[PDB]
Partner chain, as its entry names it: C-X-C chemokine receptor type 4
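The form deposited without the partner chain is given below as one chain in structure tokens.
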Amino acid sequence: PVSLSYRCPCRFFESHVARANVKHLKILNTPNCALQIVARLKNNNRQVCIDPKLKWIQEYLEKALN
């Protein structure tokens, strides 16, 4: 049983992000972590972990889901 090590990049999340504030989403392949979504923001290029429960996220992911 070889365990692999991976650090969860997101410990905190932001819920005050609108679809228009985002340049793109990054969804980390760390299914072991509760927060896997990082948004690269427009204007300043800051990266922030966002609330997975934001309604616009599933719309943004549109076809890959719906």
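Residue numbers count along the first chain shown, from 1.
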Comparing 57-65 with 3-11, the higher average Cα temperature factor in the PDB entry belongs to 3-11
Once the chain's modelled residues are ordered by C-alpha B factor and cut into thirds, is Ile27 in the lowest, middle or highest one? lowest
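Only in words, not in the display: the form solved in complex with the partner chain, which the text now covers.
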So which residues in 32-51, when you check the partner chain in the bound PDB entry, have a heavy atom no farther than 4.5 Å from it? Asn32, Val38, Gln47, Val48, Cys49
